Every structure is written in structure tokens, then in C-alpha cells.
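First up is the structure itself, then whatever we jot down about it.
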Amino acid sequence: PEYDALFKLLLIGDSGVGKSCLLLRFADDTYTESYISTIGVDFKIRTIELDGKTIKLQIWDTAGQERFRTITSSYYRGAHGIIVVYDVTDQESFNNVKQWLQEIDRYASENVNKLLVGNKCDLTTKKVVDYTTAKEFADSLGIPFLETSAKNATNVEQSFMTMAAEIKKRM
Amino acid sequence: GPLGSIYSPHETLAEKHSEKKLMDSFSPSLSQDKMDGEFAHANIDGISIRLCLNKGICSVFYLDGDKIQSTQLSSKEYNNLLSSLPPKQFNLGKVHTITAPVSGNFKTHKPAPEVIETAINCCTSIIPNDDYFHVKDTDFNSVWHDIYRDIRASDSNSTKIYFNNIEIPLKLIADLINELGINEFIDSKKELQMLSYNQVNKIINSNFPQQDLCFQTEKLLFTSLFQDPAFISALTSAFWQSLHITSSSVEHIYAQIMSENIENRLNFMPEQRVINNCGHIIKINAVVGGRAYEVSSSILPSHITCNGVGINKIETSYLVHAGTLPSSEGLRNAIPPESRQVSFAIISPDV
Ligand SMILES: Nc1nc2c(ncn2[C@@H]2O[C@H](COP(=O)(O)OP(=O)(O)O)[C@@H](O)[C@H]2O)c(=O)[nH]1
Ligand SMILES: [Mg+2]
């Protein structure tokens, strides 16, 4: 094990928010519209450097539909961090951030680091969730918040580099 | 006889019809008066073959008028039988594993062309749906988005849509899906509005030369279908990403198969990218307003084995009633979990 740390992160959120494109932009640094929907689980592995260290990140992907929640749960426990993703062009996806949070509690360990992320922010025309409304709810929980665009690589790397530091700042 | 006659129905079928003609003649046995353990049957030339399974041992019965003869199949013989059965849903009472004509490796991003082909055409084993879940309001919530993304990337998707063994051109479905109002940003809970005679013609004509004699029949057919709300319901319902999650039973299995998939993927290819799903294989038949439709939607999610990148085929079948409306609401109610039948099958590369 040449790495210094091995973190298990997990992406959650409704279907189509952009969980995958996010992970792909972070791992392979590319964004496409061909890889179709995600049925079940999936995972990608990327190693970074924080404070002259070597952290092997094992991010997990999941299905946004409610029906998948049950079987998805098995992957919650054992996770160092959870990234709840929502579509800034979709009101619904944000209204549900409530549930995706309540779920983190019912399965993951309370000492787990959380980070809210509003994706698709490049579609300014269709935007409907105000930075402030979210930045609001984000701080009212002590959860770091960021606006990302997997399409343009906006804050995509920062979102993960943040989660990496948040966790390293513990163990 | 002294021991009877020497004539064997099997030898006849063998020299009388092709191998596939024979297999295609088999159907799942649902009848009340079926032999014990009969999971499939076939009738060709006054003979009636019955494929029974008892004590986990498959035996073939040939009923010719009144005489009855049977053959118990060895393990290998049986695994072969399954390996050559029609892509239907049989009650095999166990998820089997078909092996494809190709040696897998752990250095590829997708299943080999042979694995996919094998998958698309192999039969599947039914998972008893008794403790079926109840209709929830979040059902088919993502239907529109799903079909969009799938058909969108159909150019690099093993996805295929058929209507009575008649392949419906993806281009056509691409314009249909659009003229119906399905695009990047559409309301999840929206209700689709049918199309005018012009709209379907605009579509049909953009894919079929009016001066054509060739696909003249396919033309008229699709012209009809595209106007039937029930059809649009079938076509669209078939892509909903959670169509196979229908009961705790199914969940238990599906859960297990995924674990096995993930495990092997962890141990054998941690740094190798692997596509999640290969696509959809939807088959819609007009049942013998308008008419109702029978659907068979199969997903080809990648599945890692001891040999290489395989595929776990999950097939779901239901019945869309003549009076059905294209909406997240209409579908989650006309197609409840109990009206669906899920079956599994695993297709692996070789050593
Ligand atoms: N315009 C835009 N669309 C995005 C962006 N990220 C994702 N999407 C859209 O979201 C669709 C589905 O996203 P995906 O990441 O596959 O979501 P998941 O199923 O929740 O994992 C994509 O194919 C894109 O059309 C983005 O930064 N900008
Ligand atoms: Mg995904």
C-alpha cells in the first residue's frame, strides 16, 4: 500500500442530477452524453495528493430512482464521505435533498463528512435554485456547499479536493 | 415389440427441421394441466415435446399421440439446452450462467461483441413475484428522462426496439420521442399529448421515401402505432430505470448478483473502466381506443466474472392495457409491480 490514505466516498441524489458526469470529469477529466443511465452500483478510483501525502479515493456511483434506495444502502456504511448532488435547474431535486440527508443518517456513520453540490449551473437560462437559498440550507447544517458544472469542469475538482481535506482533517 | 417400436420422434425432428426451428418452437408452460415440473413445451408435426425439471434434473418428454417416451439429460446436456433455448422467460427455478464463444480478459471497458449477442438471445429464469411491492408515487417519476438519455446515446448503445420481430429504426424513435415533446428539459410529471396525422407523417416521411415500395408495410404499421396512446405508454414505460425492482424476492437476488459483480470487479480490475449498462432490448407485440400491448424490456448491465467482463440480463414483462395514458402517473398505475414479471440470467465470457 504505497498510499497514505484510502477514502471511501459516495454520490447520492435524484436521477439525472449529474452524479456520474461529475465522477467522470473528476476521474478521467472528460464529459460526454453517451454513457446512458446507471442501473445499480458502480465505482471509480482516483489518487490525489494533499499536504504532500497520497490519498487513494474510491468514489461510488448509484441510481437516483427511489426504488434503488434499499439496495443502495448497503454501500452507505463504510463511507468516509457522502456528496449529495442536486440539479440547479430542477426544483424537485433540491426539495428532496431533505430525504437524501435523512437517508445518510439511517445507514452511514454519524462521524461522516457531508458536502452538498448544485450541478448543471452552466445552464444559467434554466437555473431555478438560488445560490443563496441553498447556501442557506447548507450552512444551517454545517455542510460545505458548492456550485458545479461537470460540463465545464466548474468546481468539480474542488468539490472532491474539499471532501478529501474534510476527511483528512480527522484521521 | 418385443420391447416396443424402434421409431424415435427425436431423430425425426432432428433430420426434419433445423436446430433453431426446433428451439424457437418452445414456449414457457403456464397451463394448469402440464406435466410435473414442465417448464416449457413445443409442438411440431403432431408431436409434443415437454421440457420438465425435477430434483434439479431436466428430462425431455415426447408425446406422439398416445405413446410416451422420455430422456433424462446429463448436466452438460442440460446446460447446453439452456444455452440454446429461445430468449424467453422460463421457470428454471435458478439463475443459470451461459458461456459465450470468446475468452474474456480483465482489460476491457465493455463486454465482447459475442457476450452481448449471447445475452440478447439467451433465455432467462423467472423470480417468483408474490410479495410484490405496492404502487408508490415516485414510480415512473424519471420515465421521460430515461428513454431520452438511452435513445439519445443509441448510436453507441446496444439498444434495440422491436415491434412484432420488426426492428423499429432508432432514428424514427428519435424523432417520435421528440415530436412527442421529450427532450433534455421536460417536466418529469408531464403528460404526453398525442400527435396529429401530420406530425406522424412528418416523422414517418423523414425516415421513409414516399416513392418506396420496399418498407411500404412497415410504413403504414408505424403510422398507426405512433398515434395509439397505449403504444407510446409501452414504448416509454419500457425504459424506466426501476422497472425490474418489483418485490423483496427480486431485490434479494438482484442484490446478491450485484455483490458478486462488485466483488470480482474489485479484486480483478480496480483500475479498469467498465460501462455500467450496455443498453435496452425492448420487444413490443400487439396483443391478439384501440388495442393492448405486451412488453418485454431487457437491460444488459455489465457483470464481472472469474473469466472477464460479462453481462447480467434482467428481463421484465408486463401488459399495457388499451386505455393507458403517457404520464408518470398513468404508467405507475396501469403497470403496477404485481403486473410485472422479472427474470434473471448471467452471460459470461470464457477461459
Ligand atoms: N447542461 C449540463 N448537463 C449536464 C451536466 N451534467 C450532467 N448533465 C446532464 O445530465 C444527464 C444525466 O446526468 P448523469 O451524470 O448521467 O446523472 P445520474 O444518472 O444522476 O448519474 C447528462 O447526460 C447531461 O445531459 C452539466 O454540467 N451541464
Ligand atoms: Mg449515473
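Each chain in the C-alpha cells gets a letter, A, B and so on, in the order shown; residues start at 1 in every chain, and ligands are counted from 1 in the order they appear.
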
Worksheet entry | Distance filter 9 Å, only C-alpha atoms, chain B against chain A, as a PyMOL selection string | chain B and resi 138-142+145-146+149-157+185+241-242+245-246+251-252+254-255+258+262+270-279+299+301

Just write the chosen residues, C-alpha atoms, as a CSV table (one decimal), in the first residue's frame.
```csv
chain,number,residue,atom,x,y,z
B,138,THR,CA,-42.3,8.1,-7.1
B,139,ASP,CA,-42.9,5.3,-9.6
B,140,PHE,CA,-42.0,6.2,-13.3
B,141,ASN,CA,-41.1,9.6,-12.0
B,142,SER,CA,-38.0,9.6,-14.3
B,145,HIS,CA,-35.6,11.4,-18.8
B,146,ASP,CA,-34.6,7.7,-19.0
B,149,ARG,CA,-30.8,9.5,-22.4
B,150,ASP,CA,-31.0,5.9,-23.7
B,151,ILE,CA,-32.3,6.7,-27.2
B,152,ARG,CA,-30.0,9.8,-27.3
B,153,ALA,CA,-26.9,7.7,-27.0
B,154,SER,CA,-28.3,4.9,-29.1
B,155,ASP,CA,-25.5,5.4,-31.7
B,156,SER,CA,-23.1,3.9,-29.1
B,157,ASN,CA,-25.7,1.7,-27.3
B,185,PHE,CA,-35.6,19.6,-20.2
B,241,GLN,CA,-34.7,2.6,-14.8
B,242,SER,CA,-36.5,0.8,-11.9
B,245,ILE,CA,-37.4,-3.7,-8.9
B,246,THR,CA,-40.8,-5.3,-8.1
B,251,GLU,CA,-34.3,-7.4,-4.5
B,252,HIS,CA,-32.6,-10.2,-2.6
B,254,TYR,CA,-30.6,-8.7,-7.6
B,255,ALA,CA,-28.7,-7.6,-4.5
B,258,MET,CA,-24.6,-7.2,-7.8
B,262,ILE,CA,-18.7,-5.7,-7.5
B,270,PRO,CA,-9.7,-1.9,-9.8
B,271,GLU,CA,-8.1,0.4,-12.3
B,272,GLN,CA,-10.2,-0.7,-15.3
B,273,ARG,CA,-13.1,1.4,-16.5
B,274,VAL,CA,-16.3,-0.7,-17.2
B,275,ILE,CA,-19.5,0.6,-18.7
B,276,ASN,CA,-22.4,0.2,-16.3
B,277,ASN,CA,-25.2,-0.7,-18.8
B,278,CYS,CA,-25.0,-1.9,-22.4
B,279,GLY,CA,-28.5,-0.7,-23.3
B,299,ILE,CA,-31.3,-4.4,-19.6
B,301,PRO,CA,-25.8,-4.3,-17.1
```

Discussion item. At a cut-off of 12 Å, using only C-alpha atoms, what residues contact residue 222 (chain B)? Leave out same-chain residues fewer than 6 positions from it and give the result as a PyMOL selection string.
Written reply: chain B and resi 162-164+166-169+172-173+176+200-201+203-205+207-208+215-216+228+231-232

Worksheet item: So how far away is CA of residue 22 (chain B) from CA of residue 100 (chain B), in Å?
Response: 21.1 Å

Let's see if you can do this: from backbone DSSP, list all alpha helix (DSSP H) residues in region 24-178 of chain B, as a PDB file with N, CA, C and O atoms, in the first residue's frame.
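The result, written out as selection-v3.pdb:
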```
ATOM      1  N   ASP B  24     -37.012 -22.509 -31.354  1.00  0.00           N
ATOM      2  CA  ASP B  24     -37.977 -21.417 -31.431  1.00  0.00           C
ATOM      3  C   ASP B  24     -39.400 -21.890 -31.214  1.00  0.00           C
ATOM      4  O   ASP B  24     -40.281 -21.108 -30.884  1.00  0.00           O
ATOM      5  N   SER B  75     -25.916 -33.298 -16.934  1.00  0.00           N
ATOM      6  CA  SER B  75     -25.667 -31.914 -16.544  1.00  0.00           C
ATOM      7  C   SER B  75     -25.255 -31.105 -17.774  1.00  0.00           C
ATOM      8  O   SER B  75     -25.864 -30.084 -18.093  1.00  0.00           O
ATOM      9  N   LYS B  76     -24.224 -31.576 -18.473  1.00  0.00           N
ATOM     10  CA  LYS B  76     -23.735 -30.886 -19.657  1.00  0.00           C
ATOM     11  C   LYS B  76     -24.843 -30.740 -20.696  1.00  0.00           C
ATOM     12  O   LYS B  76     -25.027 -29.662 -21.264  1.00  0.00           O
ATOM     13  N   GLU B  77     -25.586 -31.818 -20.941  1.00  0.00           N
ATOM     14  CA  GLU B  77     -26.669 -31.776 -21.919  1.00  0.00           C
ATOM     15  C   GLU B  77     -27.661 -30.668 -21.571  1.00  0.00           C
ATOM     16  O   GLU B  77     -28.106 -29.934 -22.460  1.00  0.00           O
ATOM     17  N   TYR B  78     -28.000 -30.553 -20.285  1.00  0.00           N
ATOM     18  CA  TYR B  78     -28.947 -29.545 -19.827  1.00  0.00           C
ATOM     19  C   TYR B  78     -28.389 -28.157 -19.997  1.00  0.00           C
ATOM     20  O   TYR B  78     -29.038 -27.300 -20.591  1.00  0.00           O
ATOM     21  N   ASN B  79     -27.188 -27.923 -19.489  1.00  0.00           N
ATOM     22  CA  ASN B  79     -26.579 -26.599 -19.613  1.00  0.00           C
ATOM     23  C   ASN B  79     -26.557 -26.168 -21.058  1.00  0.00           C
ATOM     24  O   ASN B  79     -26.577 -24.974 -21.363  1.00  0.00           O
ATOM     25  N   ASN B  80     -26.510 -27.151 -21.946  1.00  0.00           N
ATOM     26  CA  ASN B  80     -26.491 -26.858 -23.360  1.00  0.00           C
ATOM     27  C   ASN B  80     -27.901 -26.481 -23.770  1.00  0.00           C
ATOM     28  O   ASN B  80     -28.104 -25.512 -24.500  1.00  0.00           O
ATOM     29  N   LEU B  81     -28.875 -27.238 -23.276  1.00  0.00           N
ATOM     30  CA  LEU B  81     -30.265 -26.974 -23.584  1.00  0.00           C
ATOM     31  C   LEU B  81     -30.570 -25.521 -23.278  1.00  0.00           C
ATOM     32  O   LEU B  81     -31.129 -24.807 -24.094  1.00  0.00           O
ATOM     33  N   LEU B  82     -30.204 -25.072 -22.094  1.00  0.00           N
ATOM     34  CA  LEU B  82     -30.460 -23.693 -21.703  1.00  0.00           C
ATOM     35  C   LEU B  82     -29.687 -22.751 -22.598  1.00  0.00           C
ATOM     36  O   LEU B  82     -30.163 -21.671 -22.954  1.00  0.00           O
ATOM     37  N   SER B  83     -28.486 -23.173 -22.962  1.00  0.00           N
ATOM     38  CA  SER B  83     -27.631 -22.365 -23.812  1.00  0.00           C
ATOM     39  C   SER B  83     -28.196 -22.188 -25.216  1.00  0.00           C
ATOM     40  O   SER B  83     -27.722 -21.350 -25.971  1.00  0.00           O
ATOM     41  N   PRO B 113     -18.358  -8.358 -28.166  1.00  0.00           N
ATOM     42  CA  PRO B 113     -19.471  -8.462 -29.114  1.00  0.00           C
ATOM     43  C   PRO B 113     -20.235  -9.779 -29.018  1.00  0.00           C
ATOM     44  O   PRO B 113     -21.454  -9.820 -29.251  1.00  0.00           O
ATOM     45  N   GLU B 114     -19.498 -10.839 -28.676  1.00  0.00           N
ATOM     46  CA  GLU B 114     -20.038 -12.197 -28.561  1.00  0.00           C
ATOM     47  C   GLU B 114     -20.839 -12.348 -27.284  1.00  0.00           C
ATOM     48  O   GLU B 114     -21.824 -13.086 -27.238  1.00  0.00           O
ATOM     49  N   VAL B 115     -20.408 -11.657 -26.240  1.00  0.00           N
ATOM     50  CA  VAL B 115     -21.099 -11.734 -24.967  1.00  0.00           C
ATOM     51  C   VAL B 115     -22.458 -11.083 -25.106  1.00  0.00           C
ATOM     52  O   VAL B 115     -23.474 -11.627 -24.658  1.00  0.00           O
ATOM     53  N   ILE B 116     -22.464  -9.913 -25.741  1.00  0.00           N
ATOM     54  CA  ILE B 116     -23.693  -9.162 -25.956  1.00  0.00           C
ATOM     55  C   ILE B 116     -24.672  -9.968 -26.800  1.00  0.00           C
ATOM     56  O   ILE B 116     -25.831 -10.146 -26.446  1.00  0.00           O
ATOM     57  N   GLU B 117     -24.192 -10.457 -27.927  1.00  0.00           N
ATOM     58  CA  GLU B 117     -25.020 -11.252 -28.805  1.00  0.00           C
ATOM     59  C   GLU B 117     -25.636 -12.410 -28.019  1.00  0.00           C
ATOM     60  O   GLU B 117     -26.846 -12.631 -28.062  1.00  0.00           O
ATOM     61  N   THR B 118     -24.794 -13.136 -27.295  1.00  0.00           N
ATOM     62  CA  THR B 118     -25.229 -14.283 -26.499  1.00  0.00           C
ATOM     63  C   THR B 118     -26.367 -13.911 -25.537  1.00  0.00           C
ATOM     64  O   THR B 118     -27.392 -14.604 -25.443  1.00  0.00           O
ATOM     65  N   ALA B 119     -26.150 -12.788 -24.849  1.00  0.00           N
ATOM     66  CA  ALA B 119     -27.049 -12.211 -23.859  1.00  0.00           C
ATOM     67  C   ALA B 119     -28.414 -11.881 -24.420  1.00  0.00           C
ATOM     68  O   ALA B 119     -29.445 -12.279 -23.882  1.00  0.00           O
ATOM     69  N   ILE B 120     -28.388 -11.118 -25.507  1.00  0.00           N
ATOM     70  CA  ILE B 120     -29.570 -10.651 -26.214  1.00  0.00           C
ATOM     71  C   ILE B 120     -30.489 -11.773 -26.642  1.00  0.00           C
ATOM     72  O   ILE B 120     -31.700 -11.581 -26.779  1.00  0.00           O
ATOM     73  N   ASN B 121     -29.915 -12.953 -26.820  1.00  0.00           N
ATOM     74  CA  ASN B 121     -30.700 -14.081 -27.281  1.00  0.00           C
ATOM     75  C   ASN B 121     -30.852 -15.264 -26.358  1.00  0.00           C
ATOM     76  O   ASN B 121     -31.470 -16.253 -26.735  1.00  0.00           O
ATOM     77  N   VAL B 143     -39.295   8.380 -15.916  1.00  0.00           N
ATOM     78  CA  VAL B 143     -39.514   7.755 -17.206  1.00  0.00           C
ATOM     79  C   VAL B 143     -39.077   8.595 -18.397  1.00  0.00           C
ATOM     80  O   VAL B 143     -38.267   8.143 -19.194  1.00  0.00           O
ATOM     81  N   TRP B 144     -39.564   9.822 -18.521  1.00  0.00           N
ATOM     82  CA  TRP B 144     -39.191  10.632 -19.690  1.00  0.00           C
ATOM     83  C   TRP B 144     -37.692  10.795 -19.870  1.00  0.00           C
ATOM     84  O   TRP B 144     -37.167  10.620 -20.968  1.00  0.00           O
ATOM     85  N   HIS B 145     -37.008  11.147 -18.788  1.00  0.00           N
ATOM     86  CA  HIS B 145     -35.569  11.373 -18.821  1.00  0.00           C
ATOM     87  C   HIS B 145     -34.812  10.126 -19.220  1.00  0.00           C
ATOM     88  O   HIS B 145     -33.856  10.194 -19.980  1.00  0.00           O
ATOM     89  N   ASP B 146     -35.238   8.982 -18.701  1.00  0.00           N
ATOM     90  CA  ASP B 146     -34.571   7.729 -19.012  1.00  0.00           C
ATOM     91  C   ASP B 146     -34.573   7.395 -20.507  1.00  0.00           C
ATOM     92  O   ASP B 146     -33.508   7.246 -21.111  1.00  0.00           O
ATOM     93  N   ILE B 147     -35.757   7.295 -21.107  1.00  0.00           N
ATOM     94  CA  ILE B 147     -35.859   6.978 -22.531  1.00  0.00           C
ATOM     95  C   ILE B 147     -35.090   7.982 -23.359  1.00  0.00           C
ATOM     96  O   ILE B 147     -34.494   7.634 -24.367  1.00  0.00           O
ATOM     97  N   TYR B 148     -35.105   9.232 -22.935  1.00  0.00           N
ATOM     98  CA  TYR B 148     -34.377  10.255 -23.661  1.00  0.00           C
ATOM     99  C   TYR B 148     -32.884   9.942 -23.711  1.00  0.00           C
ATOM    100  O   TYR B 148     -32.307   9.822 -24.780  1.00  0.00           O
ATOM    101  N   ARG B 149     -32.264   9.820 -22.542  1.00  0.00           N
ATOM    102  CA  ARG B 149     -30.836   9.543 -22.422  1.00  0.00           C
ATOM    103  C   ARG B 149     -30.437   8.262 -23.147  1.00  0.00           C
ATOM    104  O   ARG B 149     -29.387   8.210 -23.790  1.00  0.00           O
ATOM    105  N   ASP B 150     -31.270   7.227 -23.036  1.00  0.00           N
ATOM    106  CA  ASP B 150     -30.992   5.946 -23.686  1.00  0.00           C
ATOM    107  C   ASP B 150     -30.998   6.104 -25.203  1.00  0.00           C
ATOM    108  O   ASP B 150     -29.988   5.845 -25.847  1.00  0.00           O
ATOM    109  N   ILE B 151     -32.130   6.534 -25.768  1.00  0.00           N
ATOM    110  CA  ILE B 151     -32.251   6.721 -27.219  1.00  0.00           C
ATOM    111  C   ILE B 151     -31.247   7.744 -27.716  1.00  0.00           C
ATOM    112  O   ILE B 151     -30.736   7.620 -28.811  1.00  0.00           O
ATOM    113  N   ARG B 152     -30.974   8.760 -26.905  1.00  0.00           N
ATOM    114  CA  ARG B 152     -30.022   9.808 -27.266  1.00  0.00           C
ATOM    115  C   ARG B 152     -28.682   9.188 -27.648  1.00  0.00           C
ATOM    116  O   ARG B 152     -28.159   9.427 -28.724  1.00  0.00           O
ATOM    117  N   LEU B 170     -33.994   3.281 -34.880  1.00  0.00           N
ATOM    118  CA  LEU B 170     -33.738   4.210 -33.783  1.00  0.00           C
ATOM    119  C   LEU B 170     -33.950   5.663 -34.176  1.00  0.00           C
ATOM    120  O   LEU B 170     -34.397   6.473 -33.369  1.00  0.00           O
ATOM    121  N   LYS B 171     -33.618   5.990 -35.419  1.00  0.00           N
ATOM    122  CA  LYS B 171     -33.800   7.346 -35.940  1.00  0.00           C
ATOM    123  C   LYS B 171     -35.277   7.691 -35.758  1.00  0.00           C
ATOM    124  O   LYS B 171     -35.619   8.696 -35.146  1.00  0.00           O
ATOM    125  N   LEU B 172     -36.146   6.829 -36.282  1.00  0.00           N
ATOM    126  CA  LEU B 172     -37.587   7.013 -36.189  1.00  0.00           C
ATOM    127  C   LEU B 172     -38.010   7.311 -34.748  1.00  0.00           C
ATOM    128  O   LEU B 172     -38.695   8.295 -34.483  1.00  0.00           O
ATOM    129  N   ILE B 173     -37.595   6.451 -33.820  1.00  0.00           N
ATOM    130  CA  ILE B 173     -37.911   6.607 -32.397  1.00  0.00           C
ATOM    131  C   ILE B 173     -37.332   7.902 -31.865  1.00  0.00           C
ATOM    132  O   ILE B 173     -37.836   8.467 -30.903  1.00  0.00           O
ATOM    133  N   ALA B 174     -36.244   8.345 -32.483  1.00  0.00           N
ATOM    134  CA  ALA B 174     -35.567   9.562 -32.074  1.00  0.00           C
ATOM    135  C   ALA B 174     -36.408  10.805 -32.343  1.00  0.00           C
ATOM    136  O   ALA B 174     -36.436  11.748 -31.554  1.00  0.00           O
ATOM    137  N   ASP B 175     -37.090  10.788 -33.481  1.00  0.00           N
ATOM    138  CA  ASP B 175     -37.932  11.896 -33.926  1.00  0.00           C
ATOM    139  C   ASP B 175     -39.299  11.791 -33.267  1.00  0.00           C
ATOM    140  O   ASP B 175     -39.909  12.804 -32.937  1.00  0.00           O
ATOM    141  N   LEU B 176     -39.772  10.561 -33.083  1.00  0.00           N
ATOM    142  CA  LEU B 176     -41.057  10.309 -32.440  1.00  0.00           C
ATOM    143  C   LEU B 176     -40.977  10.842 -31.024  1.00  0.00           C
ATOM    144  O   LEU B 176     -41.768  11.694 -30.620  1.00  0.00           O
ATOM    145  N   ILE B 177     -39.992  10.325 -30.285  1.00  0.00           N
ATOM    146  CA  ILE B 177     -39.739  10.704 -28.896  1.00  0.00           C
ATOM    147  C   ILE B 177     -39.682  12.229 -28.772  1.00  0.00           C
ATOM    148  O   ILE B 177     -40.142  12.794 -27.776  1.00  0.00           O
ATOM    149  N   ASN B 178     -39.135  12.888 -29.792  1.00  0.00           N
ATOM    150  CA  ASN B 178     -39.040  14.339 -29.798  1.00  0.00           C
ATOM    151  C   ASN B 178     -40.376  15.006 -30.153  1.00  0.00           C
ATOM    152  O   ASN B 178     -40.861  15.837 -29.390  1.00  0.00           O
TER     153      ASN B 178
END
```

Discussion item. Residues near residue 313 (chain B), anyone? I mean within 6 Å using only C-alpha atoms, not counting same-chain ones fewer than 2 positions away, as a ChimeraX atom specification.
Written reply: /B:299-300,344-345

Item to complete: Name the residues of region 61-155 of chain A that come out as strand (DSSP E) in a backbone DSSP run; write them as a ChimeraX atom specification.
Response: /A:61,81-87,113-119,145-148

Worksheet item: residue 53 (chain B): which residues within 9 Å, counting only C-alpha atoms, same-chain residues fewer than 2 positions away excluded, as JSON, numbers by chain?
Response: {"B": [36, 37, 38, 39, 51, 55, 56, 57, 58, 59, 60, 92]}

Fill in: Polymer residues at most 12 Å from residue 250 (chain B), only C-alpha atoms, same-chain spacing of 4 or more positions, as a ChimeraX atom specification
/A:71 /B:95,125-133,242-246,254-257,314-316,337,340-344

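In terms of minimum interatomic distance to ligand 1, B:183 ranks closest within B:183, B:188, B:247, B:297, counting only C-alpha atoms and all ligand atoms.
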
Worksheet item: So which one's closest to ligand 1, A:19, A:114, A:69, A:25? Using only C-alpha atoms and all ligand atoms, please.
Response: A:19
